[PDB]
Protein chains: 2
Amino acid sequence: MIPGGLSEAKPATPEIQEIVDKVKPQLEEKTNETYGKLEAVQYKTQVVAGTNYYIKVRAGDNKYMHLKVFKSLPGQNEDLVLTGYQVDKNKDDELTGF
Amino acid sequence: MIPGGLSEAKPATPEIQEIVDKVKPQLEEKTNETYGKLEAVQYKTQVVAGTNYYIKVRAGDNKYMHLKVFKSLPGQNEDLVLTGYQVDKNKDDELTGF
């Protein structure tokens, strides 16, 4: 529906305490100051989306094609670009990040 | 709310037939192979995801720091890049478009 939404805010995780532990040297140079005790507090997560397109197409009873087109901006059909494409495999071929 | 996965399979939309019609010459040039008639059949859509992070973590002497870290691919410690940070402000500072 809506790409780019914040997840639940967790008050501290083992990964969040690891993020501060990696960011303390870079933050210390940019702040001109030493931070005291670094303890995990509360993080959220935003997921960005894009749109990849996978098509099944009938060549005759002997052949059947898959197609793969990347799109960026909606409202322009000419922005469709072929980035992947599968062969003569049947309609039984499931379109699965091929 | 919803897991990733391909969208609904439409058995030959007017967009599906237009995508294969435009990719019929490009498929035959890239494979060097001649295909008979390509008619629309069933396509599915594909959702890519990217993950930005918004963290709070109290590293002050008496203070609280809050920073967001953008990452590309998971399983890489060098992929975790600090792009945005907050200082000595408390848990009241919400990580918002940042």
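Note: the structure precedes this text.
Cut-offs used in this document
- Residues numbered from 1 in each chain as written, not as in the entry; some residues may be left out.
- Chains lettered and ligands numbered in written order.
- Heavy atoms only, no water.
- Buried < 20%, exposed > 50% of the residue type's maximum accessible area, 1.4 Å probe, protein only.
- Contact = heavy atoms within 4.5 Å.
- Buried area = accessible area lost by both parts, 1.4 Å probe.
- Salt bridge = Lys/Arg side-chain N within 4 Å of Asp/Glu carboxyl O.
- Polar contact = N/O pair within 3.5 Å; in protein donor to acceptor, adjacent residues only side chain to side chain.
- Helix = DSSP H or I, 4+ residues; strand = E, 2+ residues; numbered from the N terminus.
- Nonpolar A, V, L, I, M, F, W, Y, C, P; charged D, E, K, R; others polar.
- Pairing = 2+ DSSP bridges.
- 1 Å grid on protein atoms, 1.4 Å probe; cavity = no way out; pocket = protein on both sides within 12 Å on 5 of 7 lines; lining within 4 Å.
- Points joined across faces, edges and corners; volume = space filled by probe spheres on them.
- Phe/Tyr/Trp six-rings, centres within 6.5 Å; stacked < 30°, edge-to-face > 60°.
- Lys NZ or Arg CZ within 6 Å of the ring centre and 35° of its normal.

Asks: Just to check I follow, could you spell out unusual backbone geometry for this structure?
Replies: A negative phi angle is the norm for most residues apart from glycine, just as the trans form is the norm for most peptide bonds. One non-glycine residue with positive phi stands out, namely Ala12 of chain A, at about 150 degrees. Residue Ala12 of chain A is classed as partly exposed on the basis of its relative accessible area, which comes to 39%.

Asks: What exactly am I supposed to notice about the interface of chain B and chain A here?
Replies: Much of the literature gives interface size as the accessible area that the parts lose upon coming together. The interface of chain B with chain A comprises 52 residues on the first partner and 53 residues on the second. Between chain B and chain A the total buried area reaches about 4800 Å² when both faces are included, carbon and sulfur atoms providing 65% of it. The residue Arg58 of chain A makes a salt bridge to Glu39 of chain B at a minimum N-O spacing of 3.0 Å. Summed over the shared surface of chain B and chain A, the number is 16 residue pairs in polar contact. Considering each element in turn, the side of chain B that touches chain A owes the most residues, 16 residues, to strand β1 (residues 39-54) of chain B. Broken down by class, the residue content of the side of chain B that touches chain A amounts to 28 nonpolar, 10 polar and 14 charged. Relative to strand β2 (residues 57-60) of chain B, strand β1 (residues 37-40) of chain A runs antiparallel, the two sharing four bridges.

Asks: How should I be thinking about the pattern of salt bridges in this particular structure?
Replies: Between side chains of opposite charge, a pair can form as their charged atoms come close. All names here are of chain A. Applying the stated rule across the entire model yields five salt bridges over all chains. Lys24 serves as the salt-bridge partner of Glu28, at 3.3 Å between the closest nitrogen and oxygen. You can see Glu28 and its partner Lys24 sitting in helix α1 (residues 14-31), four residues apart, about one turn around the helix. The buried category is assigned to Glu28, whose relative accessible area is 17%. The exposure class assigned to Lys24 is partly exposed, which follows from its relative accessible area of 28%.

Asks: Can you help me understand empty space enclosed by the protein in this one?
Replies: A probe matching the size of a water molecule, rolled over the atoms, marks out where space remains unfilled. By the definition in use, this model includes one cavity of 30 Å³ or more. What the largest cavity holds in volume is close to 70 Å³. For the lining of the largest cavity, a count of residues per class yields four nonpolar, one polar and two charged.

Asks: So what exactly am I meant to see when it comes to the layout of surface pockets here?
Replies: Looking at the largest pocket, its volume works out to about 960 Å³. Around the largest pocket sit 25 residues that line it, and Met1, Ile2 and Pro3 of chain A together with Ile2 and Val47 of chain B are the ones nearest its centre. Elements that contribute at least two residues to the lining of the largest pocket include exactly β2 (44-58) of chain A together with β1 of chain B. Approximately 150 Å³ is the volume attributed to the second largest pocket. As for the second largest pocket, its lining consists of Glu15, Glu18, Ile19 and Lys22 of chain A together with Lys71, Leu73, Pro74, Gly75, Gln76, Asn77 and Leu80 of chain B. When residues in the lining of the second largest pocket are grouped by element, the largest group, four residues, is from α1 of chain A.

Asks: I keep staring at the packing of aromatic side chains and nothing clicks. Help me out?
Replies: Residue and element names in this part refer to chain A. Under the defined criterion, the tally for this structure stands at two aromatic pairs over all chains. Judged by centre distance (4.9 Å) and plane angle (70 degrees), the ring pair of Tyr54 and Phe98 falls under edge-to-face. Within this pair, whereas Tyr54 is found in strand β2, its partner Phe98 is found in the segment after β4 (81-84), the two being separated by 44 residues in sequence. The exposure class of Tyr54 is buried, given its relative accessible area of 3%. When its relative accessible area of 34% is taken as the criterion, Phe98 is described as partly exposed. Taking the ring centre of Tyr53 as reference, the NZ or CZ of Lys71 above it sits at 5.3 Å.

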